[PDB]
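Trainee: Chains as they are written, first to last, in the entry's author numbering: chain W, 3 to 142; chain C, 3 to 142; chain D, 3 to 142; chain Y, 3 to 142.
We put the CB at the ideal spot given by N, CA and C, even for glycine.
Protein chains: 4
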Amino acid sequence: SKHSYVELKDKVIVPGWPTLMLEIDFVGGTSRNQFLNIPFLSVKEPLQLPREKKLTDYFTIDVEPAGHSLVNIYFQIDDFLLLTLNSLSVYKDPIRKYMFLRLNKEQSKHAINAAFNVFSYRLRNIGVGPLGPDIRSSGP
Amino acid sequence: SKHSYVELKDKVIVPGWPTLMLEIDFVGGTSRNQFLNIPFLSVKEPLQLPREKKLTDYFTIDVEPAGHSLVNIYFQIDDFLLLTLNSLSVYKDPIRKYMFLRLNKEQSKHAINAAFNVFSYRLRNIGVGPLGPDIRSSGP
Amino acid sequence: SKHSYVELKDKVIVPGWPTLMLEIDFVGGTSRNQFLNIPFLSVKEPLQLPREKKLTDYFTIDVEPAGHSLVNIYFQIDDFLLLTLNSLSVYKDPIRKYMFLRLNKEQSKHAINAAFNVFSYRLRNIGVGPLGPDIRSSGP
Amino acid sequence: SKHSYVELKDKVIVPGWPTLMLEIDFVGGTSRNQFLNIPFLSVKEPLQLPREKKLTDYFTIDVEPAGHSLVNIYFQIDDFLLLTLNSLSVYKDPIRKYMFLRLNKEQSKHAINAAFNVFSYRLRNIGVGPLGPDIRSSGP
Ligand SMILES: Nc1ccn([C@@H]2O[C@H](COP(=O)(O)O)[C@@H](O)[C@H]2O)c(=O)n1
Ligand SMILES: Nc1ccn([C@@H]2O[C@H](COP(=O)(O)O)[C@@H](O)[C@H]2O)c(=O)n1
Ligand SMILES: Nc1ccn([C@@H]2O[C@H](COP(=O)(O)O)[C@@H](O)[C@H]2O)c(=O)n1
Ligand SMILES: Nc1ccn([C@@H]2O[C@H](COP(=O)(O)O)[C@@H](O)[C@H]2O)c(=O)n1
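(1) Return no unless some Cβ of chain W is closer than 9 Å to the Cβ of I97 (chain Y).
(2) Can you pull every residue whose C-beta falls closer than 6 Å to some heavy atom of ligand 4, listed in chain order?
(3) Does ligand 2 have a heavy atom nearer than 8 Å to the CB of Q109 (chain D)?
(4) List the whole-angstrom C-beta distance separating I26 (chain Y) from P67 (chain Y), where the pair is believed to meet the contact cut-off of C-beta under 8 Å.
(5) Three or more beta-carbon pairs under 8 Å between the region 10-19 of chain Y and the region 123-138 of chain Y, yes or no?
(6) Answer with yes or no whether the minimum CB distance from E47 (chain C) to chain W is below 9 Å.
(7) Terminal residues of the continuous beta strand (DSSP E) containing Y76 (chain W)?
(8) Examine chain D for any beta-carbon lying closer than 9 Å to the beta-carbon of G31 (chain Y), and answer yes or no.
(9) How about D80 (chain W) and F102 (chain W): are their beta carbons less than 9 Å apart?
(10) Give the range of the beta strand (DSSP E) segment to which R34 (chain W) is assigned.
(11) Can we say the region 121-134 of chain D touches the region 84-96 of chain Y, given the rule of at least three CB pairs closer than 8 Å?
(12) Let me check one thing: in DSSP terms, what residues is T86 (chain W) bridge-paired to?
(13) Taking its Cβ as the centre, do 16 or more other Cβ atoms sit within 10 Å of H5 (chain D), making it buried, or is it exposed?
(14) For a contact defined as C-beta to C-beta under 7 Å, what are the partners of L103 (chain Y) on chain D?
(15) Under a Cβ-count criterion, where at least 16 other Cβ atoms within 10 Å of its own Cβ denotes burial, should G131 (chain Y) be classed as buried or exposed?
(16) Taking the alpha-carbon of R34 (chain D) as reference, which of D:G134, D:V120, D:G129 has the nearest alpha-carbon?
(17) By the DSSP assignment, the beta strand (DSSP E) with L125 (chain C) in it spans what residues?
(18) So if DSSP puts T62 (chain Y) in a beta bridge, which residue, or which two residues, is it bridged to?
(19) Which bits of chain Y does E108 (chain D) rub up against, with CB to CB less than 8 Å?
(20) Helix, strand or coil for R98 (chain Y) per DSSP?
(21) Who are the near neighbours of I63 (chain D) in its chain, counting only those whose CB is closer than 7 Å to its CB and skipping five residues on each side?
(22) Nearest chain W C-beta to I40 (chain Y) closer than 9 Å, yes or no?
(23) Name the residues in the region 108-131 of chain Y whose C-beta lies less than 7 Å from a C-beta of chain W; which are they?
(24) Quick one, are the C-beta atoms of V65 (chain W) and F118 (chain W) less than 9 Å apart?
(25) Check whether the Cβ of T21 (chain D) lies closer than 9 Å to any Cβ atom in chain C.
(26) Going along chain W, which residues have a C-beta under 8 Å from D64 (chain Y)?
(27) By Cβ distance below 6 Å, which residues in the same chain neighbour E47 (chain Y) in space, the five residues on each side in sequence not counted?
(28) When we look at the beta-carbon of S3 (chain W) and count the other beta-carbons within 10 Å, is it buried (16 or more) or exposed?
(29) For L43 (chain W), does the three-state DSSP call read helix, strand or coil?
(30) Are the beta-carbon atoms of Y100 (chain W) and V8 (chain W) separated by less than 9 Å?
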């Protein structure tokens with residue numbers, strides 16, 4: 003049936019927790035040319051998909067223009083990954099099957115200069131900094 | 003008689019449809035130096051002007067400063083091209099004879115650093131992404 | 003006596019008229035490193051100071067931080083130059099003896115990365131574009 | 003006990019006074035790769051810590067993501083340094099033990115592209131410009 007692509011807001015990123023970086027390469031290969039690194043989600047446990055399976059099997063993305071300078075990235079997340087991410091997530095199950103996040107002027111120019119052509123993309127686990135635990139517990 | 007240069011707003015760009023990229027080269031030649039790629043218009047069918055005719059015959063542009071950091075690009079569109087674009091357009095005939103679009107801080111610095119001197123410019127057809135059709139139909 | 007550095011706003015830049023570009027070089031020499039090109043003023047006639055005299059004799063600038071990311075450029079304009087600019091100006095005599103203009107996030111990073119050290123600076127005349135005269139007369 | 007990381011706002015930077023630049027290097031070494039230079043504090047006297055002691059002994063920082071594009075830098079300042087900075091500060095003792103400052107879109111991309119990994123960081127004294135004294139005294 004019909005759906006809507008819901009927005010993955012910034013609140014899903016919590017300072018002090020490890021992060022899942024969405025890394026995108028465009029026209030070339032290994033940092034060959036245009037790319038984007040995007041803090042995607044704050045997590046409790048690091049993501050580690052099954053041996054066999056590829057991220058491409060559960061994750062599909064589409065970089066699209068949203069104006070003369072801004073760009074959005076659309077997401078289609080498979081149940082397995084949706085379930086996975088929601089259990090790792092620091093923020094209460096924010097992930098859905100159809101999403102998108104807005105890029106800023108700076109991030110968008112890279113997408114635009116590559117005519118939105120995605121070569122490869124992955125989700126990398128980024129550890130916490132020296133004040134990480136102190137930061138998240140020292141709320142107001 | 004007198005006219006006004008009307009603004010080509012972002013609403014004319016619809017995520018999920020193919021796009022017409024406005025590509026601009028400045029002082030050098032083939033990406034020799036400063037350049038700009040600008041999502042110009044969302045289209046149903048790709049643009050493909052007549053054999054002979056050159057884009058320069060129907061299209062004239064002028065990059066001008068609009069402040070100490072922002073720049074605007076002015077357009078003068080010939081009837082043939084105005085008619086063409088309006089029929090391809092996803093958004094209801096937004097194109098007029100005299101227009102202009104605002105560049106953002108990021109895009110403007112390139113224009114400024116080349117003292118607004120346009121060497122060449124074209125309109126390229128950009129295809130749709132993997133979720134393209136699903137994106138435009140999955141409205142709210 | 004006491005004064006205030008007044009702001010040189012964007013309204014002094016009028017699309018369609020020739021411009022005076024404020025060019026700044028920082029730590030190195032000929033585009034050796036960090037630099038800034040800033041549309042400074044819209045003019046009717048191009049600036050052309052006396053044979054002998056140097057711009058440095060009438061113009062003094064100071065790049066200063068205004069926050070953790072924004073920077074301002076302060077100006078001290080000599081009577082001769084103040085008088086000159088005000089007569090060339092498209093906007094009604096906006097120039098004063100003590101001024102400053104705000105840089106945007108993008109422009110500021112270059113100033114910041116050079117620790118505000120100005121090596122050289124000049125005012126260059128920038129001609130008008132192909133639609134220049136039509137642009138300024140085709141007001142609303 | 004519990005605390006909050008207070009924000010080091012821009013008001014602590016006063017145009018016309020010397021500055022303390024927070025310089026950060028990320029994954030590589032000597033400007034090897036990603037870095038950040040941040041106007042940190044306006045001071046009356048330049049900072050000059052004891053012979054032996056290292057800045058790392060009184061200062062600890064943590065670069066953390068705060069959204070899909072913005073980043074914050076968290077600080078933990080030791081009493082010695084807190085006392086030092088507050089006496090040099092042009093703005094009335096703004097420094098506290100636990101702080102953080104927001105980075106802008108432009109500054110954040112560098113932090114993000116290095117996955118927030120800090121290699122080294124220091125506080126450099128930046129002198130005043132040619133109109134420095136005139137600027138701070140020529141208030142409104
Ligand atoms: N977020 C970023 C930052 C840089 N880049 C790439 O790095 C090149 C150099 O830009 P930097 O000055 O940011 O290192 C760019 O022209 C672009 O190919 C990118 O594609 N995405
Ligand atoms: N939109 C853009 C992006 C990059 N560029 C060119 O690419 C060079 C490298 O910038 P990037 O880091 O964006 O690749 C710039 O100095 C400029 O000549 C441009 O002219 N317009
Ligand atoms: N407005 C600008 C644009 C570029 N630059 C210089 O050009 C270098 C390459 O940046 P671009 O990608 O903008 O060409 C920068 O690292 C900087 O030294 C500058 O100093 N001021
Ligand atoms: N504030 C800045 C400016 C530049 N840079 C570095 O300088 C490289 C070239 O960027 P510029 O065009 O700004 O000189 C960047 O790819 C990045 O490695 C940085 O890391 N932080």
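Mentor: Considering the structure as presented:
(1) No, because no Cβ of chain W sits closer than 9 Å to the Cβ of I97 (chain Y).
(2) Ordered along the chain, the selected set is D:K111, D:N115, Y:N35, Y:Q36, Y:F37, Y:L38, Y:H112.
(3) Checking every heavy atom of ligand 2 against the Cβ of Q109 (chain D), none is found closer than 8 Å.
(4) Rounded, the Cβ-Cβ distance is 15 Å, inconsistent with contact.
(5) Enough Cβ pairs lie closer than 8 Å, so yes.
(6) For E47 (chain C), the answer is no, since every Cβ of chain W falls outside 9 Å of its Cβ.
(7) Where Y76 (chain W) is concerned, the enclosing beta strand (DSSP E) stretches over 73-79.
(8) No - not a single Cβ of chain D is within 9 Å of the one on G31 (chain Y).
(9) Not a contact, by the Cβ cut-off of 9 Å.
(10) No beta strand (DSSP E) contains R34 (chain W), which DSSP labels as neither H nor E.
(11) Result no; under three Cβ-Cβ pairs closer than 8 Å.
(12) Among the bridge pairs identified by DSSP, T86 (chain W) is matched with none.
(13) In the assembly as shown, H5 (chain D) is an exposed residue. Its beta-carbon has fewer than 16 other beta-carbons within 10 Å.
(14) Within chain D, the residues placing a beta-carbon under 7 Å from that of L103 (chain Y) are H70, ordered along the chain.
(15) When all chains shown are included, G131 (chain Y) counts as buried.
(16) Per the Cα distances, D:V120.
(17) Here the beta strand (DSSP E) through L125 (chain C) covers 122-128.
(18) Under DSSP, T62 (chain Y) forms a beta bridge with Y:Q78.
(19) Residues of chain Y passing the Cβ test: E108.
(20) Coil.
(21) Closer than 7 Å at the Cβ level, and outside the excluded window around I63 (chain D), lie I75, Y76, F77, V120, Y123.
(22) For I40 (chain Y), no Cβ of chain W is located within less than 9 Å of the residue's own Cβ.
(23) The residues in question are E108, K111, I114, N115, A117, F118.
(24) Taking 9 Å as the Cβ cut-off, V65 (chain W) and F118 (chain W) qualify as a contacting pair.
(25) Yes, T21 (chain D) lies at the interface with chain C (some Cβ there is under 9 Å from its Cβ).
(26) By Cβ distance, chain W contributes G131, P132, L133, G134, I137.
(27) Cβ-Cβ distances below 6 Å link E47 (chain Y) to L90 in the same chain, with the five nearest sequence neighbours on each side left out; the list follows chain order.
(28) The residue is exposed, with fewer than 16 neighbouring Cβ atoms inside 10 Å.
(29) Here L43 (chain W) sits in strand by DSSP.
(30) Yes.
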